[PDB]
file input.pdb (PDB, C-alpha atoms and all ligand atoms)
MODEL        1
ATOM      1  CA  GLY A   1      79.903  -6.442 -97.046  1.00  0.00           C
ATOM      2  CA  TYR A   2      77.655  -4.767 -94.486  1.00  0.00           C
ATOM      3  CA  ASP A   3      74.002  -3.788 -94.883  1.00  0.00           C
ATOM      4  CA  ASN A   4      72.047  -1.757 -92.329  1.00  0.00           C
ATOM      5  CA  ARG A   5      68.764  -2.913 -93.862  1.00  0.00           C
ATOM      6  CA  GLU A   6      69.800  -6.555 -94.215  1.00  0.00           C
ATOM      7  CA  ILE A   7      70.702  -6.600 -90.521  1.00  0.00           C
ATOM      8  CA  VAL A   8      67.711  -4.563 -89.342  1.00  0.00           C
ATOM      9  CA  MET A   9      65.230  -6.823 -91.145  1.00  0.00           C
ATOM     10  CA  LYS A  10      66.979 -10.054 -90.124  1.00  0.00           C
ATOM     11  CA  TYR A  11      67.935  -9.017 -86.585  1.00  0.00           C
ATOM     12  CA  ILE A  12      64.219  -9.046 -85.705  1.00  0.00           C
ATOM     13  CA  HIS A  13      64.117 -12.853 -85.731  1.00  0.00           C
ATOM     14  CA  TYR A  14      65.405 -13.636 -82.240  1.00  0.00           C
ATOM     15  CA  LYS A  15      63.155 -10.930 -80.790  1.00  0.00           C
ATOM     16  CA  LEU A  16      60.050 -12.404 -82.447  1.00  0.00           C
ATOM     17  CA  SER A  17      60.881 -16.079 -83.041  1.00  0.00           C
ATOM     18  CA  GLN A  18      61.123 -16.482 -79.269  1.00  0.00           C
ATOM     19  CA  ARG A  19      57.378 -15.828 -79.321  1.00  0.00           C
ATOM     20  CA  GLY A  20      56.679 -17.034 -82.853  1.00  0.00           C
ATOM     21  CA  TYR A  21      58.072 -15.666 -86.116  1.00  0.00           C
ATOM     22  CA  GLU A  22      60.505 -16.246 -88.997  1.00  0.00           C
ATOM     23  CA  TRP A  23      63.713 -14.903 -90.612  1.00  0.00           C
ATOM     24  CA  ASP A  24      67.287 -15.040 -89.306  1.00  0.00           C
ATOM     25  CA  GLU A  25      70.591 -13.160 -89.615  1.00  0.00           C
ATOM     26  CA  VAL A  26      74.237 -14.275 -89.749  1.00  0.00           C
ATOM     27  CA  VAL A  27      75.898 -11.440 -87.822  1.00  0.00           C
ATOM     28  CA  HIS A  28      73.215 -11.639 -85.112  1.00  0.00           C
ATOM     29  CA  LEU A  29      75.726 -13.697 -83.118  1.00  0.00           C
ATOM     30  CA  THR A  30      77.249 -10.360 -82.105  1.00  0.00           C
ATOM     31  CA  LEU A  31      74.292  -8.027 -81.601  1.00  0.00           C
ATOM     32  CA  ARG A  32      72.547 -10.975 -79.936  1.00  0.00           C
ATOM     33  CA  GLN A  33      75.059 -11.822 -77.208  1.00  0.00           C
ATOM     34  CA  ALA A  34      75.328  -8.070 -76.652  1.00  0.00           C
ATOM     35  CA  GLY A  35      71.568  -7.596 -76.634  1.00  0.00           C
ATOM     36  CA  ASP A  36      70.612 -10.592 -74.506  1.00  0.00           C
ATOM     37  CA  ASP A  37      73.053  -9.581 -71.769  1.00  0.00           C
ATOM     38  CA  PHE A  38      71.659  -6.045 -71.944  1.00  0.00           C
ATOM     39  CA  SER A  39      67.989  -6.943 -71.519  1.00  0.00           C
ATOM     40  CA  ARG A  40      68.973  -8.981 -68.463  1.00  0.00           C
ATOM     41  CA  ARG A  41      71.331  -6.424 -66.924  1.00  0.00           C
ATOM     42  CA  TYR A  42      69.237  -3.363 -67.769  1.00  0.00           C
ATOM     43  CA  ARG A  43      65.877  -5.137 -67.625  1.00  0.00           C
ATOM     44  CA  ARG A  44      64.285  -2.656 -65.223  1.00  0.00           C
ATOM     45  CA  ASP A  45      65.805   0.466 -66.772  1.00  0.00           C
ATOM     46  CA  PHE A  46      64.596  -0.805 -70.147  1.00  0.00           C
ATOM     47  CA  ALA A  47      61.104  -1.808 -69.023  1.00  0.00           C
ATOM     48  CA  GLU A  48      60.692   1.552 -67.292  1.00  0.00           C
ATOM     49  CA  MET A  49      61.502   3.348 -70.546  1.00  0.00           C
ATOM     50  CA  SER A  50      59.195   1.060 -72.523  1.00  0.00           C
ATOM     51  CA  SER A  51      56.205   1.776 -70.285  1.00  0.00           C
ATOM     52  CA  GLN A  52      56.792   5.511 -70.706  1.00  0.00           C
ATOM     53  CA  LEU A  53      56.288   5.279 -74.469  1.00  0.00           C
ATOM     54  CA  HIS A  54      53.124   3.264 -73.829  1.00  0.00           C
ATOM     55  CA  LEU A  55      51.716   6.016 -71.611  1.00  0.00           C
ATOM     56  CA  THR A  56      52.156   8.669 -74.302  1.00  0.00           C
ATOM     57  CA  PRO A  57      49.293   9.183 -76.803  1.00  0.00           C
ATOM     58  CA  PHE A  58      51.704   9.054 -79.758  1.00  0.00           C
ATOM     59  CA  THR A  59      51.332   6.286 -82.341  1.00  0.00           C
ATOM     60  CA  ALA A  60      53.529   3.347 -83.341  1.00  0.00           C
ATOM     61  CA  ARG A  61      55.772   5.660 -85.360  1.00  0.00           C
ATOM     62  CA  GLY A  62      55.733   8.407 -82.748  1.00  0.00           C
ATOM     63  CA  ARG A  63      56.936   6.127 -79.961  1.00  0.00           C
ATOM     64  CA  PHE A  64      59.885   4.940 -82.048  1.00  0.00           C
ATOM     65  CA  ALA A  65      60.713   8.579 -82.785  1.00  0.00           C
ATOM     66  CA  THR A  66      60.588   9.382 -79.068  1.00  0.00           C
ATOM     67  CA  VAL A  67      62.627   6.358 -77.991  1.00  0.00           C
ATOM     68  CA  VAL A  68      65.327   7.055 -80.580  1.00  0.00           C
ATOM     69  CA  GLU A  69      65.525  10.740 -79.655  1.00  0.00           C
ATOM     70  CA  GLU A  70      66.039  10.077 -75.943  1.00  0.00           C
ATOM     71  CA  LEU A  71      68.489   7.233 -76.562  1.00  0.00           C
ATOM     72  CA  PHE A  72      70.812   9.223 -78.820  1.00  0.00           C
ATOM     73  CA  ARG A  73      70.369  12.519 -76.973  1.00  0.00           C
ATOM     74  CA  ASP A  74      73.714  12.811 -75.184  1.00  0.00           C
ATOM     75  CA  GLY A  75      75.670  11.333 -78.075  1.00  0.00           C
ATOM     76  CA  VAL A  76      76.119   7.827 -79.451  1.00  0.00           C
ATOM     77  CA  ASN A  77      78.074   4.671 -78.619  1.00  0.00           C
ATOM     78  CA  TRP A  78      78.137   0.907 -79.203  1.00  0.00           C
ATOM     79  CA  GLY A  79      76.266   0.714 -75.912  1.00  0.00           C
ATOM     80  CA  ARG A  80      73.324   2.908 -76.864  1.00  0.00           C
ATOM     81  CA  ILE A  81      73.228   1.122 -80.217  1.00  0.00           C
ATOM     82  CA  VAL A  82      72.854  -2.237 -78.481  1.00  0.00           C
ATOM     83  CA  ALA A  83      69.809  -0.774 -76.725  1.00  0.00           C
ATOM     84  CA  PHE A  84      68.330   0.785 -79.864  1.00  0.00           C
ATOM     85  CA  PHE A  85      68.046  -2.615 -81.530  1.00  0.00           C
ATOM     86  CA  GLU A  86      66.577  -4.018 -78.316  1.00  0.00           C
ATOM     87  CA  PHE A  87      63.680  -1.555 -78.296  1.00  0.00           C
ATOM     88  CA  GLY A  88      63.008  -2.128 -81.983  1.00  0.00           C
ATOM     89  CA  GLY A  89      62.528  -5.841 -81.452  1.00  0.00           C
ATOM     90  CA  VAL A  90      60.224  -5.380 -78.476  1.00  0.00           C
ATOM     91  CA  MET A  91      58.146  -2.888 -80.458  1.00  0.00           C
ATOM     92  CA  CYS A  92      57.450  -5.679 -82.946  1.00  0.00           C
ATOM     93  CA  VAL A  93      56.706  -8.259 -80.255  1.00  0.00           C
ATOM     94  CA  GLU A  94      53.900  -6.030 -78.986  1.00  0.00           C
ATOM     95  CA  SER A  95      52.468  -5.446 -82.460  1.00  0.00           C
ATOM     96  CA  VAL A  96      52.186  -9.107 -83.456  1.00  0.00           C
ATOM     97  CA  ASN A  97      50.837  -9.717 -79.954  1.00  0.00           C
ATOM     98  CA  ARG A  98      48.319  -6.881 -80.278  1.00  0.00           C
ATOM     99  CA  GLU A  99      47.026  -8.171 -83.616  1.00  0.00           C
ATOM    100  CA  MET A 100      49.222  -5.739 -85.547  1.00  0.00           C
ATOM    101  CA  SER A 101      51.700  -7.955 -87.394  1.00  0.00           C
ATOM    102  CA  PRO A 102      51.628  -5.639 -90.467  1.00  0.00           C
ATOM    103  CA  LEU A 103      53.196  -2.978 -88.243  1.00  0.00           C
ATOM    104  CA  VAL A 104      56.292  -5.181 -88.056  1.00  0.00           C
ATOM    105  CA  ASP A 105      57.071  -4.063 -91.606  1.00  0.00           C
ATOM    106  CA  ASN A 106      56.848  -0.405 -90.584  1.00  0.00           C
ATOM    107  CA  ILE A 107      59.101  -0.661 -87.532  1.00  0.00           C
ATOM    108  CA  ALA A 108      61.629  -2.677 -89.532  1.00  0.00           C
ATOM    109  CA  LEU A 109      61.622   0.049 -92.186  1.00  0.00           C
ATOM    110  CA  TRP A 110      62.160   2.927 -89.753  1.00  0.00           C
ATOM    111  CA  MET A 111      65.068   1.218 -87.993  1.00  0.00           C
ATOM    112  CA  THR A 112      66.604   0.881 -91.458  1.00  0.00           C
ATOM    113  CA  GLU A 113      66.198   4.556 -92.348  1.00  0.00           C
ATOM    114  CA  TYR A 114      67.529   5.974 -89.083  1.00  0.00           C
ATOM    115  CA  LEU A 115      70.511   3.624 -89.266  1.00  0.00           C
ATOM    116  CA  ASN A 116      71.131   4.930 -92.788  1.00  0.00           C
ATOM    117  CA  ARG A 117      70.438   8.569 -91.907  1.00  0.00           C
ATOM    118  CA  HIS A 118      71.767   9.158 -88.389  1.00  0.00           C
ATOM    119  CA  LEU A 119      74.082   6.416 -87.126  1.00  0.00           C
ATOM    120  CA  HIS A 120      75.684   5.924 -90.557  1.00  0.00           C
ATOM    121  CA  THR A 121      78.301   8.608 -89.913  1.00  0.00           C
ATOM    122  CA  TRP A 122      79.134   7.681 -86.318  1.00  0.00           C
ATOM    123  CA  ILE A 123      79.380   3.940 -86.971  1.00  0.00           C
ATOM    124  CA  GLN A 124      81.747   4.353 -89.916  1.00  0.00           C
ATOM    125  CA  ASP A 125      83.731   6.732 -87.705  1.00  0.00           C
ATOM    126  CA  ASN A 126      84.020   4.166 -84.909  1.00  0.00           C
ATOM    127  CA  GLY A 127      85.673   1.540 -87.089  1.00  0.00           C
ATOM    128  CA  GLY A 128      82.221   0.636 -88.383  1.00  0.00           C
ATOM    129  CA  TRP A 129      80.909  -2.880 -87.802  1.00  0.00           C
ATOM    130  CA  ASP A 130      84.499  -4.113 -88.070  1.00  0.00           C
ATOM    131  CA  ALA A 131      85.140  -2.578 -84.646  1.00  0.00           C
ATOM    132  CA  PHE A 132      81.763  -3.590 -83.213  1.00  0.00           C
ATOM    133  CA  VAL A 133      82.603  -7.271 -83.685  1.00  0.00           C
ATOM    134  CA  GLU A 134      86.253  -6.789 -82.733  1.00  0.00           C
ATOM    135  CA  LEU A 135      85.159  -5.568 -79.302  1.00  0.00           C
ATOM    136  CA  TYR A 136      82.211  -7.787 -78.374  1.00  0.00           C
ATOM    137  CA  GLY A 137      82.543 -10.576 -80.920  1.00  0.00           C
ATOM    138  CA  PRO A 138      81.757 -14.309 -80.548  1.00  0.00           C
TER     139      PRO A 138
HETATM  140  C1  LIG B 201      66.469   3.175 -70.366  1.00  0.00           C
HETATM  141  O1  LIG B 201      67.557   3.527 -71.225  1.00  0.00           O
HETATM  142  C2  LIG B 201      68.166   2.244 -71.832  1.00  0.00           C
HETATM  143  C3  LIG B 201      67.040   1.386 -72.434  1.00  0.00           C
HETATM  144  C4  LIG B 201      66.527   2.034 -73.732  1.00  0.00           C
HETATM  145  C5  LIG B 201      65.911   3.291 -73.691  1.00  0.00           C
HETATM  146  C6  LIG B 201      65.442   3.879 -74.871  1.00  0.00           C
HETATM  147  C7  LIG B 201      65.591   3.211 -76.093  1.00  0.00           C
HETATM  148  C8  LIG B 201      66.206   1.954 -76.133  1.00  0.00           C
HETATM  149  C9  LIG B 201      66.674   1.365 -74.954  1.00  0.00           C
HETATM  150  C10 LIG B 201      69.192   2.607 -72.905  1.00  0.00           C
HETATM  151  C11 LIG B 201      70.392   3.323 -72.274  1.00  0.00           C
HETATM  152  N1  LIG B 201      71.047   2.508 -71.318  1.00  0.00           N
HETATM  153  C12 LIG B 201      72.400   2.015 -71.400  1.00  0.00           C
HETATM  154  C13 LIG B 201      72.905   1.211 -70.354  1.00  0.00           C
HETATM  155  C14 LIG B 201      74.221   0.732 -70.432  1.00  0.00           C
HETATM  156  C15 LIG B 201      75.016   1.058 -71.551  1.00  0.00           C
HETATM  157  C16 LIG B 201      76.392   0.530 -71.588  1.00  0.00           C
HETATM  158  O2  LIG B 201      76.843  -0.168 -70.690  1.00  0.00           O
HETATM  159  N2  LIG B 201      77.128   0.861 -72.676  1.00  0.00           N
HETATM  160  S1  LIG B 201      78.653   0.327 -72.800  1.00  0.00           S
HETATM  161  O3  LIG B 201      79.209   1.041 -73.906  1.00  0.00           O
HETATM  162  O4  LIG B 201      79.267   0.468 -71.513  1.00  0.00           O
HETATM  163  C17 LIG B 201      78.589  -1.394 -73.218  1.00  0.00           C
HETATM  164  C18 LIG B 201      78.960  -2.341 -72.255  1.00  0.00           C
HETATM  165  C19 LIG B 201      78.923  -3.707 -72.554  1.00  0.00           C
HETATM  166  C20 LIG B 201      78.510  -4.145 -73.837  1.00  0.00           C
HETATM  167  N3  LIG B 201      78.456  -5.560 -74.166  1.00  0.00           N
HETATM  168  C21 LIG B 201      78.765  -6.736 -73.314  1.00  0.00           C
HETATM  169  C22 LIG B 201      80.263  -6.721 -72.914  1.00  0.00           C
HETATM  170  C23 LIG B 201      78.529  -7.984 -74.186  1.00  0.00           C
HETATM  171  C24 LIG B 201      77.863  -6.828 -72.071  1.00  0.00           C
HETATM  172  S2  LIG B 201      76.084  -6.897 -72.379  1.00  0.00           S
HETATM  173  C25 LIG B 201      75.663  -5.177 -72.278  1.00  0.00           C
HETATM  174  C26 LIG B 201      75.209  -4.510 -73.438  1.00  0.00           C
HETATM  175  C27 LIG B 201      74.875  -3.145 -73.365  1.00  0.00           C
HETATM  176  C28 LIG B 201      75.000  -2.473 -72.134  1.00  0.00           C
HETATM  177  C29 LIG B 201      75.455  -3.133 -70.974  1.00  0.00           C
HETATM  178  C30 LIG B 201      75.789  -4.499 -71.047  1.00  0.00           C
HETATM  179  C31 LIG B 201      78.134  -3.162 -74.802  1.00  0.00           C
HETATM  180  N4  LIG B 201      77.689  -3.556 -76.161  1.00  0.00           N
HETATM  181  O5  LIG B 201      77.643  -4.736 -76.459  1.00  0.00           O
HETATM  182  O6  LIG B 201      77.395  -2.628 -76.900  1.00  0.00           O
HETATM  183  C32 LIG B 201      78.174  -1.793 -74.492  1.00  0.00           C
HETATM  184  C33 LIG B 201      74.510   1.863 -72.597  1.00  0.00           C
HETATM  185  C34 LIG B 201      73.193   2.344 -72.520  1.00  0.00           C
HETATM  186  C35 LIG B 201      70.126   2.270 -70.269  1.00  0.00           C
HETATM  187  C36 LIG B 201      68.917   1.464 -70.757  1.00  0.00           C
ENDMDL
END
call {"tool": "encode", "arguments": {"input": "input.pdb", "output": "structure tokens", "more": "lines below"}}
Ligand SMILES: COC1(Cc2ccccc2)CCN(c2ccc(C(=O)NS(=O)(=O)c3ccc(NC(C)(C)CSc4ccccc4)c([N+](=O)[O-])c3)cc2)CC1
result
Amino acid sequence: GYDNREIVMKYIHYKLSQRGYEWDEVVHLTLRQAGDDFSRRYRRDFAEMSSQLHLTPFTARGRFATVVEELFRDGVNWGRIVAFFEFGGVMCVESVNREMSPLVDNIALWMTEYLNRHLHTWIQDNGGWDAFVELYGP
């Protein structure tokens, strides 16, 4: 069984716990190893994109809508997906850090919707999660 919401709400544990939070997922072992290596490799490219959203006047929701639009602009792929989850986590880290913990619930909700209303067709088409783990699995 695979749940986009169960993973989206639990996958935000390693991104927050590192600073101070709760929760935990079981399949994170995959997205994690793939995410950690990403942040390190594309640390600058990622940070540069993060600052951009901070410069814009948009709100918490707006930013997420702008970061998701640019990410999946020239198509989709396991790679872009690994980055999408990365941004989501960071977005929460800033909230809790900027006295906006409650926002964490919002960001977690959005990531769940988009995943179940945008990347639900592509994923299933690319062997779904089954393939995601088969490629870059523990
Ligand atoms: C600034 O634009 C970004 C940042 C960003 C912008 C906006 C919103 C969110 C994020 C988002 C766009 N972006 C990239 C950079 C590269 C690729 C990439 O290499 N894709 S891939 O399809 O070639 C690939 C390679 C290797 C792995 N996994 C390994 C084998 C475990 C290595 S760790 C790794 C993870 C992912 C990418 C590279 C290495 C995985 N994966 O796990 O999905 C995927 C994809 C997007 C630049 C940073």
call {"tool": "residues_near_ligand", "arguments": {"input": "input.pdb", "ligand": "ligand LIG 201 (chain B)", "cutoff": "8 Å", "atoms": "all atoms listed in the file", "output": "ChimeraX atom specification"}}
result
/A:30-31,33-39,41-43,45-50,67-68,70-71,77-88,132,136
call {"tool": "residues_around", "arguments": {"input": "input.pdb", "residues": "residue A:6", "least_positions_apart": "3", "cutoff": "10 Å", "atoms": "all atoms listed in the file", "output": "MDAnalysis selection string"}}
result
chainID A and resid 2:3 9:11 25:26 112
call {"tool": "atom_distance", "arguments": {"input": "input.pdb", "atom1": "atom CA of residue A:52", "atom2": "atom CA of residue A:5"}}
result
27.4 Å
call {"tool": "residues_around", "arguments": {"input": "input.pdb", "residues": "residue A:12", "least_positions_apart": "2", "cutoff": "8 Å", "atoms": "all atoms listed in the file", "output": "mmCIF file with C-alpha atoms, in the coordinates of the input"}}
result
data_model
loop_
_atom_site.group_PDB
_atom_site.id
_atom_site.type_symbol
_atom_site.label_atom_id
_atom_site.label_comp_id
_atom_site.auth_asym_id
_atom_site.auth_seq_id
_atom_site.Cartn_x
_atom_site.Cartn_y
_atom_site.Cartn_z
ATOM 1 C CA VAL A 8 67.711 -4.563 -89.342
ATOM 2 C CA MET A 9 65.230 -6.823 -91.145
ATOM 3 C CA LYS A 10 66.979 -10.054 -90.124
ATOM 4 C CA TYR A 14 65.405 -13.636 -82.240
ATOM 5 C CA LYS A 15 63.155 -10.930 -80.790
ATOM 6 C CA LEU A 16 60.050 -12.404 -82.447
ATOM 7 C CA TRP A 23 63.713 -14.903 -90.612
ATOM 8 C CA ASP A 24 67.287 -15.040 -89.306
ATOM 9 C CA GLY A 88 63.008 -2.128 -81.983
ATOM 10 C CA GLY A 89 62.528 -5.841 -81.452
ATOM 11 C CA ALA A 108 61.629 -2.677 -89.532
#
call {"tool": "residues_near_point", "arguments": {"input": "input.pdb", "point": "(55.0, 1.9, -75.3)", "cutoff": "12 Å", "atoms": "only C-alpha atoms", "output": "tab-separated table (two decimals) with C-alpha atoms, in the frame of the given file"}}
result
chain	number	residue	atom	x	y	z
A	46	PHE	CA	64.60	-0.80	-70.15
A	47	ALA	CA	61.10	-1.81	-69.02
A	48	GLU	CA	60.69	1.55	-67.29
A	49	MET	CA	61.50	3.35	-70.55
A	50	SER	CA	59.20	1.06	-72.52
A	51	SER	CA	56.20	1.78	-70.28
A	52	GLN	CA	56.79	5.51	-70.71
A	53	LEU	CA	56.29	5.28	-74.47
A	54	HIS	CA	53.12	3.26	-73.83
A	55	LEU	CA	51.72	6.02	-71.61
A	56	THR	CA	52.16	8.67	-74.30
A	57	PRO	CA	49.29	9.18	-76.80
A	58	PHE	CA	51.70	9.05	-79.76
A	59	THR	CA	51.33	6.29	-82.34
A	60	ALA	CA	53.53	3.35	-83.34
A	61	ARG	CA	55.77	5.66	-85.36
A	62	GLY	CA	55.73	8.41	-82.75
A	63	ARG	CA	56.94	6.13	-79.96
A	64	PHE	CA	59.88	4.94	-82.05
A	65	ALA	CA	60.71	8.58	-82.78
A	66	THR	CA	60.59	9.38	-79.07
A	67	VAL	CA	62.63	6.36	-77.99
A	87	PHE	CA	63.68	-1.56	-78.30
A	88	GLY	CA	63.01	-2.13	-81.98
A	90	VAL	CA	60.22	-5.38	-78.48
A	91	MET	CA	58.15	-2.89	-80.46
A	92	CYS	CA	57.45	-5.68	-82.95
A	93	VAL	CA	56.71	-8.26	-80.26
A	94	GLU	CA	53.90	-6.03	-78.99
A	95	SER	CA	52.47	-5.45	-82.46
call {"tool": "axis_aligned_box", "arguments": {"input": "input.pdb", "around": "stretch 10-24 of chain A", "padding_each_side": "5 Å", "output": "JSON"}}
result
{"center_x": 62.3, "center_y": -13.0, "center_z": -84.9, "size_x": 21.3, "size_y": 18.0, "size_z": 21.3}
call {"tool": "atom_distance", "arguments": {"input": "input.pdb", "atom1": "atom CA of residue A:19", "atom2": "atom CA of residue A:69"}}
result
27.8 Å
call {"tool": "closest_residue", "arguments": {"input": "input.pdb", "among": "A:17, A:40, A:4, A:76", "to": "residue A:117", "atoms": "only C-alpha atoms"}}
result
A:4
call {"tool": "atom_distance", "arguments": {"input": "input.pdb", "atom1": "atom CA of residue A:73", "atom2": "atom CA of residue A:96"}}
result
29.0 Å
call {"tool": "closest_residue", "arguments": {"input": "input.pdb", "among": "A:122, A:106, A:1, A:27", "to": "residue A:137", "atoms": "only C-alpha atoms"}}
result
A:27
call {"tool": "closest_residue", "arguments": {"input": "input.pdb", "among": "A:97, A:111, A:29, A:118", "to": "residue A:75", "atoms": "all atoms listed in the file"}}
result
A:118
call {"tool": "decode", "arguments": {"input": "input.pdb", "residues": "stretch 66-119 of chain A", "atoms": "C-alpha atoms", "output": "PDB file, in the first residue's frame"}}
result
ATOM      1  CA  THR A  66       5.737  29.298  -7.444  1.00  0.00           C
ATOM      2  CA  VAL A  67       8.355  26.713  -6.486  1.00  0.00           C
ATOM      3  CA  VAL A  68       6.193  23.832  -7.713  1.00  0.00           C
ATOM      4  CA  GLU A  69       5.400  25.580 -10.997  1.00  0.00           C
ATOM      5  CA  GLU A  70       9.048  26.225 -11.866  1.00  0.00           C
ATOM      6  CA  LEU A  71      10.157  22.758 -10.762  1.00  0.00           C
ATOM      7  CA  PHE A  72       7.651  20.863 -12.902  1.00  0.00           C
ATOM      8  CA  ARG A  73       7.742  23.311 -15.812  1.00  0.00           C
ATOM      9  CA  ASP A  74       9.721  21.321 -18.381  1.00  0.00           C
ATOM     10  CA  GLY A  75       8.141  18.017 -17.405  1.00  0.00           C
ATOM     11  CA  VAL A  76       8.559  15.646 -14.473  1.00  0.00           C
ATOM     12  CA  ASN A  77      11.007  12.983 -13.293  1.00  0.00           C
ATOM     13  CA  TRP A  78      12.177  11.111 -10.188  1.00  0.00           C
ATOM     14  CA  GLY A  79      14.866  13.776 -10.016  1.00  0.00           C
ATOM     15  CA  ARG A  80      12.583  16.800  -9.872  1.00  0.00           C
ATOM     16  CA  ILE A  81      10.408  14.893  -7.408  1.00  0.00           C
ATOM     17  CA  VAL A  82      13.373  14.401  -5.084  1.00  0.00           C
ATOM     18  CA  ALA A  83      13.785  18.186  -5.122  1.00  0.00           C
ATOM     19  CA  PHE A  84      10.090  18.930  -4.610  1.00  0.00           C
ATOM     20  CA  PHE A  85      10.089  17.105  -1.280  1.00  0.00           C
ATOM     21  CA  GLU A  86      13.313  18.893  -0.349  1.00  0.00           C
ATOM     22  CA  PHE A  87      11.774  22.349  -0.732  1.00  0.00           C
ATOM     23  CA  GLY A  88       8.673  21.315   1.186  1.00  0.00           C
ATOM     24  CA  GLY A  89      10.716  20.320   4.209  1.00  0.00           C
ATOM     25  CA  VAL A  90      12.767  23.509   4.194  1.00  0.00           C
ATOM     26  CA  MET A  91       9.582  25.569   3.947  1.00  0.00           C
ATOM     27  CA  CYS A  92       8.520  24.045   7.265  1.00  0.00           C
ATOM     28  CA  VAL A  93      11.922  24.540   8.890  1.00  0.00           C
ATOM     29  CA  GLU A  94      11.602  28.277   8.266  1.00  0.00           C
ATOM     30  CA  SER A  95       8.053  28.443   9.621  1.00  0.00           C
ATOM     31  CA  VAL A  96       8.759  26.750  12.954  1.00  0.00           C
ATOM     32  CA  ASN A  97      11.902  28.882  13.110  1.00  0.00           C
ATOM     33  CA  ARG A  98       9.955  32.059  12.331  1.00  0.00           C
ATOM     34  CA  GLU A  99       7.382  31.360  15.045  1.00  0.00           C
ATOM     35  CA  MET A 100       4.947  29.878  12.527  1.00  0.00           C
ATOM     36  CA  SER A 101       4.698  26.207  13.491  1.00  0.00           C
ATOM     37  CA  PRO A 102       0.948  26.135  12.628  1.00  0.00           C
ATOM     38  CA  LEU A 103       1.974  26.787   9.022  1.00  0.00           C
ATOM     39  CA  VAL A 104       3.610  23.352   9.031  1.00  0.00           C
ATOM     40  CA  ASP A 105       0.108  21.890   8.797  1.00  0.00           C
ATOM     41  CA  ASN A 106      -0.653  24.010   5.731  1.00  0.00           C
ATOM     42  CA  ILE A 107       2.508  23.150   3.803  1.00  0.00           C
ATOM     43  CA  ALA A 108       2.044  19.468   4.628  1.00  0.00           C
ATOM     44  CA  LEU A 109      -1.509  19.671   3.282  1.00  0.00           C
ATOM     45  CA  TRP A 110      -0.560  21.342  -0.003  1.00  0.00           C
ATOM     46  CA  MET A 111       2.215  18.848  -0.753  1.00  0.00           C
ATOM     47  CA  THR A 112      -0.446  16.170  -0.276  1.00  0.00           C
ATOM     48  CA  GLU A 113      -2.929  17.750  -2.682  1.00  0.00           C
ATOM     49  CA  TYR A 114      -0.471  18.447  -5.496  1.00  0.00           C
ATOM     50  CA  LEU A 115       0.887  14.909  -5.198  1.00  0.00           C
ATOM     51  CA  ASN A 116      -2.700  13.669  -5.502  1.00  0.00           C
ATOM     52  CA  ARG A 117      -3.652  16.119  -8.258  1.00  0.00           C
ATOM     53  CA  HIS A 118      -0.602  16.553 -10.494  1.00  0.00           C
ATOM     54  CA  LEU A 119       2.098  13.928  -9.962  1.00  0.00           C
TER      55      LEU A 119
END
